[PDB]
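Undergrad: Experimental structure and sequence below.
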Number of protein chains: 4
Amino acid sequence: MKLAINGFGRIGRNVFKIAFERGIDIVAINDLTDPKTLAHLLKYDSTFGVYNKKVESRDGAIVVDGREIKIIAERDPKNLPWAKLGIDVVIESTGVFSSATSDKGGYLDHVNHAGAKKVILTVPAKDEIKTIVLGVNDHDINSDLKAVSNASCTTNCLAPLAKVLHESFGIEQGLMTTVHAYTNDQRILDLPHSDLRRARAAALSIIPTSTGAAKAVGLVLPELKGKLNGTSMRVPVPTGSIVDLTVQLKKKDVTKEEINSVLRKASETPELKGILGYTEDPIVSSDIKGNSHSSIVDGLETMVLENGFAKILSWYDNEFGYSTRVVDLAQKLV
Amino acid sequence: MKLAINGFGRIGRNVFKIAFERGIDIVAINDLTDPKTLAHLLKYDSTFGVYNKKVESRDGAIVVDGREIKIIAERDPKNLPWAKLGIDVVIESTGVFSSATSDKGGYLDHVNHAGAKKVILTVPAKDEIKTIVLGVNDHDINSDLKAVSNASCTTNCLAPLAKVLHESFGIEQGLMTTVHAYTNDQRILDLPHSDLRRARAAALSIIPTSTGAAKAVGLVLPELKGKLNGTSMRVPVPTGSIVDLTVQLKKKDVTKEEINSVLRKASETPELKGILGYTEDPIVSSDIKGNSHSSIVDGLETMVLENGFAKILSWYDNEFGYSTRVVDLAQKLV
Amino acid sequence: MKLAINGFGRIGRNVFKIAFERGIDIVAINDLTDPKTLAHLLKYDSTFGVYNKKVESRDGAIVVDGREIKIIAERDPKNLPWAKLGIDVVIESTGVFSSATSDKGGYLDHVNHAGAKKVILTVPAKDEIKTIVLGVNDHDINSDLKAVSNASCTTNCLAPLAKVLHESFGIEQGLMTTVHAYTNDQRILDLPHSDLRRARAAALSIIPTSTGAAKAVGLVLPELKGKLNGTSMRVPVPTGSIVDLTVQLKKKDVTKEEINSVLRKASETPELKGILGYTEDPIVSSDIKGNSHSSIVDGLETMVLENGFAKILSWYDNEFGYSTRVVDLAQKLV
Amino acid sequence: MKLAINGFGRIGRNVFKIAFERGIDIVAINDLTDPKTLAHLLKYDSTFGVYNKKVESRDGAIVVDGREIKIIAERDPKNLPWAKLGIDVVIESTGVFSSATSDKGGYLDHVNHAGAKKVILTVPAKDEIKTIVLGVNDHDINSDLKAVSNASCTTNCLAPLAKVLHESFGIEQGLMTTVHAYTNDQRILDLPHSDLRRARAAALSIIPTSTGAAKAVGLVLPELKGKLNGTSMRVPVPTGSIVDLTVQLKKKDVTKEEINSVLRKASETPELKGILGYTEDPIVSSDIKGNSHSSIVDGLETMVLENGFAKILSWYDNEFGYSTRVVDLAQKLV
Ligand SMILES: NC(=O)c1ccc[n+]([C@@H]2O[C@H](COP(=O)([O-])OP(=O)(O)OC[C@H]3O[C@@H](n4cnc5c(N)ncnc54)[C@H](O)[C@@H]3O)[C@@H](O)[C@H]2O)c1
Ligand SMILES: NC(=O)c1ccc[n+]([C@@H]2O[C@H](COP(=O)([O-])OP(=O)(O)OC[C@H]3O[C@@H](n4cnc5c(N)ncnc54)[C@H](O)[C@@H]3O)[C@@H](O)[C@H]2O)c1
Ligand SMILES: NC(=O)c1ccc[n+]([C@@H]2O[C@H](COP(=O)([O-])OP(=O)(O)OC[C@H]3O[C@@H](n4cnc5c(N)ncnc54)[C@H](O)[C@@H]3O)[C@@H](O)[C@H]2O)c1
Ligand SMILES: NC(=O)c1ccc[n+]([C@@H]2O[C@H](COP(=O)([O-])OP(=O)(O)OC[C@H]3O[C@@H](n4cnc5c(N)ncnc54)[C@H](O)[C@@H]3O)[C@@H](O)[C@H]2O)c1
């Protein structure tokens, strides 16, 4: 498989490392800067530490353990040399091309003009697109796909959890909060942003912001369309997040132990192993940094009242779990 | 009225500043250190800034704008000279005397052998104590009371919210999470703690921890006994917290606009003004720092799914709002 | 006088507040966004708190306590209507126009094409310009000036300190470090930046970065040209910084007491009162937040070895002290 | 070698992990808590991640990858069973026994009454003690030593650096600052502390604090006695620190490149390899997290003004580099 990455940022760089480790042929990276900057950011990661490979930069390329990866600095995805380079899958991780096509550009440009076979959009699309969450609607992948969204980090945490709860107990409806690490969409100090909350100094506050992630479960689990909604609180941690899901279940005599038992068992099945995890250790968000699961249920936190009213907490490394899924998905598309 | 403060910490010092500004006669402070240290901590507050008063220290006292306050350093409260000093109300804000008595003392030592007329415990009691949340069960205050708890900051945020929702719509059940500033009960870096989550570096992680604050709503709103529970997430901000309440209401056609409507109305009443606030500004936690309200509904976040299943978010400065309540309560007691 | 602000950022908004309080006629603000965003950022400051004034927005204006300030969104400073509006002084605080002229624009555009009388550049110029540091070279202010740099925050801390030490003891040479709050020039998480140090997650690390602030002392104190250099360390605080100055003095038997005595005396002189402060309180960076001085000597930190080898530490709020100087300077120009 | 650790904290646990990897027999840990808490802290580290070994707790013991280690909970070190357990070297890392003896115990209790053969004090002694900095005064180690201090993390950074500079160029005098991670000696929010600056919320400020680390260089390099002094600034990072050394050298025509060349060359010698490191990458503090060097010169930062007046910066993980030296020292003592 020949991979290209468009947007060598937090997701782009984690995807790179995970894919490189698997022996995938990463042919080219496109961003808006020079090879020296990209090589330096790849080598030294504030969140995850020092990359253990030999990293160099050259004219038009970075070199990783002797493997040379082409660097492009092309703002307009229509202009990318993907056919020339024989690109099988483009990872679209710039954050700025979440419509199919546009005046400034769109994710379908990678396939329709630039000549790549396939594109994975690393964010929910603003329009209609095949959306996959691994462990949830894997079956929806076929060989003829040209464009797929891997949804959001939060949907990837929430959808597997909701799938198991719905299949076991039935969800009538649910509301959620993600208490969520800050990201590069936010601001270091107060500065203009179209979202007036995200305008605010990110390491100084708990910052409410809207999320479509709970509604988006309906795209991958149609039975739950219209049944889930929620909100997000951006807090001052650099990575690591937690979904806090409050559900009304159809099983009106459901207990804490029954909920934890089905979640534990589900995490051990071949369909969800490595995707849904379960723990009973009293951990904190730092403990999940670099964890490849989409969703790790904190069993100690499960809380149940009468009549199927329940709260489930599930951890995820919003960068690393999600990036592993993007690579998992790339390999399945081929 | 003569006030003494036992434990001149985050709560003790805020209570001091609020009471002093009202002209209350603050007779003495007891802690475990010298007057120079207490004067310095009073003068320079990392969270709220420099105290705009002349602060002096001397042998056995501090002086604030020419008013002398005695400093005591007695670890066992049974030994405190409250009768001799004529103390009407002792504020018990050490964090270590949350039982009535023990082989190392308790909050009743203040009103039994030490001889103060009354004690406010600035935390829920580990045993049973008369518990008051202003704006909610003011009627329970009578001149015969000796010992009262002002409950927790979180209960002070939640209970007024619950009161209004219950009176307007009826509350079937609800679950909550507080996304909560770190406190001095936590650890700067990983260090032993009886709570293995609170053992962890407080500025580095989202840290789940149990809370009795939702169940405690039942102490002050007896109709809601058994109907609420929840959890806490401690996050890296030094003050400012938010209650995220997910509630099943009895009014099945309730809308978000209706919910915001009754909360906004309640905020303007004489019973709840100064206690329950309401905003529709897209604020963040740093904006509620130093706000004296117990509970500030974030109107933009209100959300209803189907059939009375609703989500409501409310801000509180866990130090400052709560400390104002402690002073308000002391004044009501006499 | 009629003031305009170009770039309503950290400096721009603080300059606004300080100027407004002085009754200065702030005619217009230019930035890159709408009035609602600008009003919201003025009202709610993560660093400094809630602006206690009635702040409103309308089409092409914000209103503060009933006073209307025009809002413009014009990227090219050549196109600004300063002549039409009668602007006496423009504050150039976008950070992107530090050359007099350029293809994209420069600070002189405000006067030569846009028709304002005078411009203050809120940063060192990349070219030759009149550079003023109040308390250091005030006499260089003449009524015919069209363009002036107020230098940097760090030069404003360092220059008055160097002036006093040089006048009293003589500086042979000096090296310095500023331990400095992060700024909007930095990144919330690792992201491309022309400076590979400033590319890194700003709240996560100590970040060395170059500074010309010590060389720049030579612009306002010619006797110290070529005599000072230094470096910066950006650290995870949102404002508040400290100069750490290590100097070789000409007085070879100079003592800590003598150094502190001249600094304390200088801080009480008409020339430097409100510019250079001196303290002997054991404070930390939070305590200088919102302080209007350019430089506050930490007297307890003064350290002297043999032969005039001395170390002096001086605090500054890099936003607020500097912003106060910008407004002082505006008033001196007219 | 039989090792015991007294004080299983940040240093004690890092020492444990390093020693464990080397096959050192860790016989016993003493602290003030139970085995579950110590096992939990060992397994989950907020700073360094999840420990990749099976960790279990039982009565009076923990087990690490099948190796059993005794857990003791004895406050007074004179009562420790070191003779009975055959302890060769005790690591004294509680932070509360920095005097040889007192009415509450001291470091010599380990070797006098408790009956260990040797004790390493992981801090400068408050009284006189044989002090070793590896890479500097190794020759001072002999078989007759009963009690030694490994000095401080800052002395371990500064001393190897000063050694090379003095050998190559001669040091006349020097002054330094360490910009330094917070530690458990500090406070999460403002709280009493005998050091009024260390009393202040650790993650909210730059906090000046005194240090004997530069003067202590004279203990391990007698030619530099009385020639160095310095101060510390505690800043909001959990680990990772940097020494900023301003030094007057004897070679008056020395250049930045010359300084860097001797430092680079010294870092490759058998005496200093693994102790003194050298880089020319534009790194930040997060990048030295988990680095085992005592001192890593930041070559890009090296600066020379005139006449041998120079500035050198060197990184250190104050926890991990120092803890590696402690283990190195333990092995050299036997
Ligand atoms: N960070 C997370 O936790 C996370 C998780 C899941 C999904 N996502 C999604 O992934 C996407 C990227 O997120 P991120 O956090 O990596 O962002 P980021 O800001 O760290 O990286 C974006 C990168 O794309 C580059 N870029 C911008 N415009 C470009 C263009 N026109 N052409 C080429 N390169 C361009 C930027 O220089 C930058 O390197 C976003 O859509 C985000 O919503 C993020
Ligand atoms: N911080 C908050 O947000 C908050 C809010 C509501 C209630 N509370 C409660 O208020 C109490 C105090 O909390 P805090 O955050 O101010 O704690 P803190 O640790 O900041 O202050 C405790 C103070 O009491 C002193 N002290 C300890 N033992 C003492 C003794 N035996 N005699 C006299 N003084 C002693 C300490 O020296 C310290 O000054 C706790 O019960 C806490 O749960 C805290
Ligand atoms: N923040 C400090 O500590 C500090 C201290 C002294 C000097 N300065 C200097 O002041 C300047 C501003 O710094 P800041 O920290 O306020 O930056 P900031 O990023 O907070 O503000 C910059 C503002 O200018 C606006 N802007 C950008 N391009 C523009 C354009 N073409 N036209 C109109 N507006 C535009 C941005 O939207 C933003 O609102 C910089 O030159 C900086 O070096 C900063
Ligand atoms: N953290 C650093 O960067 C660093 C670097 C070099 C040296 N040091 C020194 O190492 C020592 C330990 O520092 P730390 O940061 O690990 O401290 P820490 O507070 O993390 O750990 C101290 C441990 O000792 C335990 N303890 C306290 N009193 C005890 C007693 N009487 N008996 C048994 N155990 C007791 C505590 O429970 C705790 O687990 C200090 O002397 C410190 O100055 C620290």
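TA: Perfect, thanks for sending it. Numbering: from 1, shown residues only, chains lettered A, B, ... in the order given. Ligands and ions are numbered 1, 2, ... in the order given.
Undergrad: any idea how far residue B:246 is from residue A:248?
TA: 10 Å (CB to CB, to the nearest Å). Heads up, the C-betas are built off the backbone N, CA and C, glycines and all.
Undergrad: can you check residue A:39 too?
TA: In terms of CB to CB, residue A:39 sits 47 Å off from residue B:246.
Undergrad: How about residue A:226?
TA: Residue A:226 is 17 Å from residue B:246, by CB to CB.
Undergrad: Return the list of helices and strands in contact with the helix or strand harbouring residue A:120.
TA: Using DSSP states H and E, residue A:120 sits within strand A:118-121. Here strand A:118-121 touches strand A:89-92, helix A:109-112, strand A:147-149, helix A:320-333, going by 3 or more CB pairs under 8 Å, 6 or more residues apart in numbering or on different chains; DSSP states H and E.
Undergrad: ok, is that strand in contact with ligand 1 or not?
TA: No - using CB under 6 Å from any ligand atom, strand A:118-121 never reaches ligand 1; the gap is at least 7.9 Å.
Undergrad: Which strands border that strand, and is each parallel or antiparallel?
TA: Next to strand A:118-121 in the sheet, as set by DSSP bridges, lie strand A:89-92 (parallel), strand A:147-149 (parallel).
Undergrad: what about that strand, distance to the chain center?
TA: 13 Å (CA atoms, centre = their mean, to the nearest Å).
Undergrad: Quick check: next helix or strand after that strand?
TA: strand A:130-131.
Undergrad: ok, that following strand near ligand 1 or not?
TA: No - against ligand 1, strand A:130-131 shows no contacts by CB under 6 Å from any ligand atom, the least distance being 12.9 Å.
Undergrad: Which helix or strand contains residue A:144?
TA: Judged by DSSP H and E, residue A:144 forms part of no helix or strand.
Undergrad: Can you show me the strands along the stretch 151-300 of chain A?
TA: Ranges of strands in the stretch 151-300 of chain A, per DSSP state E, counting those that start in this stretch, are A:171-181, A:207-210, A:228-235, A:241-249, A:276-279, A:295-298.
Undergrad: Please name the strands paired to the helix or strand just after the last one in the sheet, noting orientation.
TA: On the C-terminal side of strand A:295-298, the closest following helix or strand by DSSP H and E is strand A:303-304. The pairing partners recorded for strand A:303-304 under DSSP bridges are strand A:309-316 (antiparallel).
Undergrad: Distance from the chain centre to the strand it pairs with, please.
TA: A distance of 19 Å separates the centroid of the chain from that of strand A:309-316, by CA atoms, centre = their mean.
Undergrad: So it, near ligand 1 or not?
TA: No - using CB under 6 Å from any ligand atom, strand A:309-316 stays clear of ligand 1, with a minimum separation of 9.4 Å.
Undergrad: Can I get that strand in PDB? Just the C-alpha atoms.
TA: Provided in PDB are the C-alpha atoms of strand A:309-316 (Å, rounded to 0.1, in the frame of the first residue of the first chain):
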ATOM      1  CA  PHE A 309     -30.900   5.200  34.600                       C
ATOM      2  CA  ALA A 310     -27.100   4.800  34.300                       C
ATOM      3  CA  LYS A 311     -23.800   6.600  33.800                       C
ATOM      4  CA  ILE A 312     -20.800   5.000  32.100                       C
ATOM      5  CA  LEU A 313     -17.300   6.700  31.900                       C
ATOM      6  CA  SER A 314     -14.900   5.700  29.200                       C
ATOM      7  CA  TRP A 315     -11.300   7.000  28.600                       C
ATOM      8  CA  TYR A 316      -9.600   7.600  25.200                       C
END
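Undergrad: what angle do that strand and strand A:241-249 make?
TA: 160 degrees (axes from the mean of the first three to the mean of the last three CA atoms, to 10 degrees).
Undergrad: re earlier: of residue A:226 and residue B:246, which one has the most company?
TA: Legend: neighbour count by other CB atoms under 10 Å in any protein chain shown for residue A:226 and residue B:246, higher for residue B:246 (28 against 12).
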